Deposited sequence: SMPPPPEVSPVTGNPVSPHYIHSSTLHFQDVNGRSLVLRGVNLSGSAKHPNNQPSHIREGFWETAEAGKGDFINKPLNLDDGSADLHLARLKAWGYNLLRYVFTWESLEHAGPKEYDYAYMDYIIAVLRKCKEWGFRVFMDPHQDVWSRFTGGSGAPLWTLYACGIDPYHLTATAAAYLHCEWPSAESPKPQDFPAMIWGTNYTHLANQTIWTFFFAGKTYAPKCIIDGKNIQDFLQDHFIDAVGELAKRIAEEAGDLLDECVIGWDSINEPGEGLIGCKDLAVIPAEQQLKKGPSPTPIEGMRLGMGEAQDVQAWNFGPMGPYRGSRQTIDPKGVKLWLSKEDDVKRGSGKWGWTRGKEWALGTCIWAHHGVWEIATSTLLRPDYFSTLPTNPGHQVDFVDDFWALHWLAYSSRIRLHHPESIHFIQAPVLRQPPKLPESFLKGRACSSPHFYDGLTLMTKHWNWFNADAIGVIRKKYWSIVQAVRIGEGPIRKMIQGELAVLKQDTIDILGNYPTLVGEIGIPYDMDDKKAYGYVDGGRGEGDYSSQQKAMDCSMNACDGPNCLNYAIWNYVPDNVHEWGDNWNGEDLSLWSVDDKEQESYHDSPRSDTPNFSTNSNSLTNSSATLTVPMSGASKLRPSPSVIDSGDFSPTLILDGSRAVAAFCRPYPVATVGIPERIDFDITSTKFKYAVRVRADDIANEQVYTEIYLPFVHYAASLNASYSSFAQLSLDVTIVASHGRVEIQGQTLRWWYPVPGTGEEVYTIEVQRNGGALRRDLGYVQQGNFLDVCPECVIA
């Protein structure tokens, strides 16, 4: 590709990564593959405040505090060098750095935590040390920690006129700190993945509608002279812009060589935007679990009125209706009273609320959606149209999300001129058509893909379903989407990943695709692998988890050959609480599963304790893959049982191929070492006991690095293959 940047026109650094085609590319044309992890989910909450501890939860945040120092990596006690060494030893060259809006602007509006940004820069320098490519993830989950997840600082809830201490009583949000109640919390009983249902409760339904479409559906909500939409978007964009600016100014050496780009706002909520009927819950809403009130039922609850709501259980094929429970807030209203807005809201944080922003009562009824006197729905399709143009049916992705991404993208490149725009469309949604006025030949599709069944049920079922195919109207009967057996289930999920790749070619353009999140739950079968059930039988047996991860990872192999960042790597993962967030346990490594410099790891002469101890199903996520390829990757296939690894490339006449430009393949010690015994390890070093058969050219192995030289075809294009296998089968 051109030595000049398609964004700037300026010449490119020798470590520039080209993202102008369907694949990442270096300056010498080699097609790059980026595989790593998300680091880390531990940075979603401050120090000494995991999701299940309510003590100190509100008091610190109301004090404007937010101690996120040493999360994800502790730079004080030297633990960071070990974790990074373990990730480089696993063949990973990518990191999705997680940070949240709360950790940057917790003190107050435009009161930024520069000490934490300096910490982030310090961690980013260490990842650069280790040769990791990083792209930043502005992370959030159901808006904020205080609405059940992570992301926004506490004052943003007050910014929308919401009383944070009336959330549980109105069912506007389920929090792990206050489940099933703030009076008698039992966070051990927190249902599986129920936190995600918060997107469909009143708090997230209100805030997200304010965020993306405040000026359209809540024009009466003025704060500091501007609508709540501009107030929340500008503050978040400015906060992320501050971190980008401090990186470019204080440590510009990190841009492009280490920090290659920036992701969009992680998994944004759609609020009530596009709701065709507030009286019902659409059948296309994939996720329903627990008490699931309809929008109007959630609004009536938000006004302190009792409702009898559908209860949903998650069966073997999606949610299904169960109980019908009565939620009785006993008059407690979600909405902040004006007196409390003076003491804790507007007057506490230093903004002025408009005259027509009615407090203490439901803001949507104030816009005529329903009448509080009769509790009768008035405008059921209010969120399906533009009030200013009711003939226009709204689409959340095209009409509102894309507008936000334009504002966000311009601020990123303002401080990171060579930033790659990692575009993360909303969950289970195709990306929109975006102008290349903004993209400028430097972008990557950044969708998330999870085996939804395995994630929601915390089991590796003998069955599975083509969820994407059902969404995209591929089947006359939904039973056609069901697959049974590993073979059919693996081939099916690999076909779902292929549809994510076709969304890039068809909508955005010839840009790479990178699965920003993928993974499997480790606390499967009631934490059986942790010895919690059946008298401890099955402890340390991660066979169920291994096949689940092998499926999702193989789904990115095959003809896809995708880039991805596994979710996640939580350095402080424990069996009792998982990743210390809403009962999820998706981390590859934990201290409870126990029992160094860059060049030393590259030579391969390290203890196998590093690549084995503390890991779970390491055979699944530590896979052989081509780091750089002369040509274009055609197909990747890996089999854990026999360690056989076939790789096919497409080589052309104009591909550059000499002895300093070669195909690089990573062969892990986890599968291909002569032995991983710590006994043998103290006396002898690790080395690849492999058999290589290449259809073309020359090979060479050092440590864990395989090099493959081959001459380009004289005419047209051809396919070269290479096949690696450990001598004698799998390491037993």
Which runs of the deposited chain sequence never show up in the coordinates?
1-4, 600-639, 777-797
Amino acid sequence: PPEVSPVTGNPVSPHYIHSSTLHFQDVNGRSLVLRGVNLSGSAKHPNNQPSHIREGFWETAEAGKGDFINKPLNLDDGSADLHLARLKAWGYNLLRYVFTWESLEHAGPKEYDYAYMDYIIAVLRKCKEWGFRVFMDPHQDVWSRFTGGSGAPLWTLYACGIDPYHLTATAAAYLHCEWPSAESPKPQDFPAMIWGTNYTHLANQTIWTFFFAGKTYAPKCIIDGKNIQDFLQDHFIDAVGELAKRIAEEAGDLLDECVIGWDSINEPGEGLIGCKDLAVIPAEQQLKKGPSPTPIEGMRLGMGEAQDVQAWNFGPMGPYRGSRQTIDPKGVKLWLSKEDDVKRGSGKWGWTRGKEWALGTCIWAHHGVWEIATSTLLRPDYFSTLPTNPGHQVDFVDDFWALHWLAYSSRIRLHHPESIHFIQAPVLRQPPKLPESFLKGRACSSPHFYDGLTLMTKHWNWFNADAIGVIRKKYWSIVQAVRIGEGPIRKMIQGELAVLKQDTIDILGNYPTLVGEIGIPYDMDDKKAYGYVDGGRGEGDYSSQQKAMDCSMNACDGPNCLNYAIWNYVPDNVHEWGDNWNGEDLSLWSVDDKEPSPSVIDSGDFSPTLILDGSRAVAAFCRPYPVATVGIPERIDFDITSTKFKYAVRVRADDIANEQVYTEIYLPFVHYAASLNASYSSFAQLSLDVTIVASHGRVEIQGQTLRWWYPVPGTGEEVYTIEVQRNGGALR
From here on, numbers count along this sequence of modelled residues.
380-388 versus 651-659: which one carries the higher mean Cα B factor per the record?
651-659
For 249-257 versus 212-220, entry-based mean Cα B-factors point to 249-257
Most elevated Cα B-factor in the entry, residues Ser42, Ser51, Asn48, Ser695
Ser695
Quiz for you: based on the deposited Cα B-factor, which of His367, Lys330, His106, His421 is highest?
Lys330
Pull the Cα B-factor of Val37 out of the PDB entry and bin it into the chain's lowest, middle or highest third.
lowest
For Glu62, return the chain-relative third of its C-alpha B-factor as stated in the PDB record: lowest, middle or highest.
lowest
Relative to the other modelled residues in the chain, which third contains the C-alpha temperature factor of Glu356: lowest, middle or highest?
highest
Taking the entry's C-alpha B-factors for this chain, is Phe606 in the lowest, middle or highest third?
highest
Report the third (lowest, middle or highest) to which the CA temperature factor of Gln310 belongs, ranking only the modelled residues of the same chain.
middle
